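>>> below you'll find the sequence and an experimental structure to go with it.
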Amino acid sequence: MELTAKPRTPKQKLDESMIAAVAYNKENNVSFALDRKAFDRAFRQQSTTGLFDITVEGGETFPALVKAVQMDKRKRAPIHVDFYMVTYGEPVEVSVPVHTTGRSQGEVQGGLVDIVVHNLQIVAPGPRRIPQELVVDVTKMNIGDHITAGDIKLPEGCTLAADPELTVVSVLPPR
Amino acid sequence: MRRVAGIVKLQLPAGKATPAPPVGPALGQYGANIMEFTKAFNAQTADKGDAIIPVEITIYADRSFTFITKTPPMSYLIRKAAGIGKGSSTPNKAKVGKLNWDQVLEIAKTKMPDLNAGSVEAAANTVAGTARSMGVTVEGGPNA
Amino acid sequence: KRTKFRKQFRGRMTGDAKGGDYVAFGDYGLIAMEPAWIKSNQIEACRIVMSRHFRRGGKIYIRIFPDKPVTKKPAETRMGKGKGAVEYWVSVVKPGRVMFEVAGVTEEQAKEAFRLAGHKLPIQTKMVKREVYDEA
RNA sequence: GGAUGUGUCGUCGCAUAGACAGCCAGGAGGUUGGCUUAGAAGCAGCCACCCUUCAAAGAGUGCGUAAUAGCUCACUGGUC
């Protein structure tokens, strides 16, 4: 990733296709603007646990995870991004999409693989070794079994900000 | 009446004497003889007895016929190998039975010029693969 | 459809759609383009439409809901003597606001069941897929 | 609501390992899969898509038959 500008007036961009911007280090905070193209590319590549570098048109590469996106609700494209410049050892409370793995035995008797929480608010691995996704085997589930946040796995050195009993991906009946 | 040949694949019950729905004028409308098939097909069902043995018939002209009687798709002596006479409604919500691997040696030794495979493992795994739509689970697999 | 008890009556105004312009509950989602009104039957329509298409049975999320009492006076009177009795009910769907979310079917089923859905409505429409991630 | 009208930007895929299309040949054996049915055997409706081999070939997609059979494609190879 790479920007060029950082004023308050946006005619330097917009039509020329760049996105309104902020990125804070937490002692260092900076407004700016970053070309749409690349941002969309990488942000679907890497998303909300992505981490990527900021080589401002000055020469000062930076470490950036993506924090908040804010978009044109009508035209349905993005117009603004909040960043979080990562630190070192301790990070933040990563948001990570629950997936589903394997041909489940729950879908063979009329049931359906329903993710009652599309995304998971964990806590801290360290801001350089982050889970992008998650993998919750579903095979063992029949029809009527849910999966609480206890049963959810871990990669080691991480904690679950979510209540260990509320429902993530549960099989639903037919019809 | 005429001479216009025909290659007819069909299917007929074993030891009976077909009514109106099956044959009748289903292969005799090109030109063949019925008198020596009611008494010439129902006599080799004294060989293999009680299963839908398939039939193929090739027709020349005048009153000519040349048939071949193959191997009964034991969806008769396997439906019995369980508990239901009329097959499972849905093979994945209601089942039939569970045959042994040694009752896969009568479909892989009657079908010598049919299951066009070379090995025994293949010629077993074929109709054992059929043994899934019938609604049946296999007493087999690796190890065991 | 209709509600349970309430206030009774109304009025009207517009300017863009609050929330929630995001794809929760489902993988695929259909989104309005015009500052419509929408009626009990206008949505029960798409309920029964998509619910035809998906068979048994999908998973169908009607993200909109009629709460607005719209009236019509008795036909043939000169105005005055009242406000009209409550004719029907309306969901005040504004643009970018998302009306339908479904999943538990594939991409083709979303395209088509949403096509047939949107051929029942006073609005041009766009269907899409997730990524609106401010809060799942 | 529909349109290979015609210009502009952008996504996605495919092939110097032979492409989209033109013509050439298979488009297969279990298996009328089971359910259902007066019969449905690819094809009127209900749960499932497993194998034999292969240069390749999927209980397959349409026209069809009351049901057959029969005609084309999904892939495969020669050509260009």
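Looks like it arrived, so ask away. Numbers count the residues shown, from 1 in each chain, chains lettered A, B, ... in the order given.
>>> so what's the residue in chain A that RNA strand D sits nearest to up against?
Proximity to RNA strand D, evaluated over chain A using CB to the nearest atom of the strand, is greatest for residue A:108 at 5.1 Å. In short, each C-beta sits where N, CA and C put it, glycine included. If you count contacts by CB atoms under 8 Å, 6 or more residues apart in numbering or on different chains, residue A:108 has them with residue B:92.
>>> which stretches of chain C form strands?
C:28-32, C:38-39, C:59-62, C:68-72, C:85-91, C:98-103, C:125-129 (DSSP state E).
>>> one more: chain A?
Counting by DSSP E, the strands of chain A are A:18-24, A:29-35, A:52-53, A:63-72, A:77-85, A:95-97, A:112-114, A:119-121, A:147-148, A:167-168, A:170-172.
>>> out of the strands of chain C, which is closest to residue B:122?
Comparison of the strands of chain C against residue B:122 by CB to CB identifies strand C:98-103 as nearest, at 41.0 Å.
>>> tell me the angle of the closest one relative to strand C:85-91?
60 degrees (axes from the mean of the first three to the mean of the last three CA atoms, to 10 degrees).
>>> next one: phi and psi at the nearest residue to residue B:59 once chain neighbours are set aside?
Computed as CB to CB, 6 or more residues apart in numbering or on different chains, the closest residue to residue B:59 that is not its neighbour in sequence is residue B:6, at 4.4 Å. Taking degrees, to the nearest 10, you get phi -160, psi 140 for the backbone angles of residue B:6.
>>> ok, now which ones touch residue B:6?
Counting by CB under 8 Å, 6+ apart, residue B:6 has contacts B:27, B:30, B:58, B:59.
>>> take those residues and keep only those in strands.
B:58, B:59.
>>> for the contacts of residue B:6, give me a markdown table that also has neighbour count.
Converted to a markdown table, the contacts of residue B:6 look like this (neighbours: other CB atoms under 10 Å in any protein chain shown):
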| residue | neighbour count |
| --- | --- |
| B:27 | 22 |
| B:30 | 18 |
| B:58 | 16 |
| B:59 | 20 |
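>>> ok, of the contacts of residue B:6, which one's closest to chain C?
residue B:27 (40.9 Å; CB to the nearest CB).
>>> and the closest residue to residue A:39 other than its chain neighbours, what is it in contact with?
Spatial nearest neighbour of residue A:39, excluding adjacent residues (CB to CB, 6+ apart): residue A:19 at 5.6 Å. Neighbour list for residue A:19: A:13, A:33, A:34, A:35, A:36, A:39, A:78, A:79, A:80, A:81 [criterion: CB under 8 Å, 6+ apart].
>>> without its sequence neighbours, what residue ends up closest to the third one?
The reference is to residue A:34. residue A:3 (4.5 Å).
>>> burial check on residue 98, number of neighbours?
I'll assume chain A. As a burial measure, residue A:98 scores 19 neighbours (other CB atoms under 10 Å in any protein chain shown).
>>> nope, chain B please
13.
>>> quick one: stretch A:157-169 to chain centroid distance?
16 Å (CA atoms, centre = their mean, to the nearest Å).
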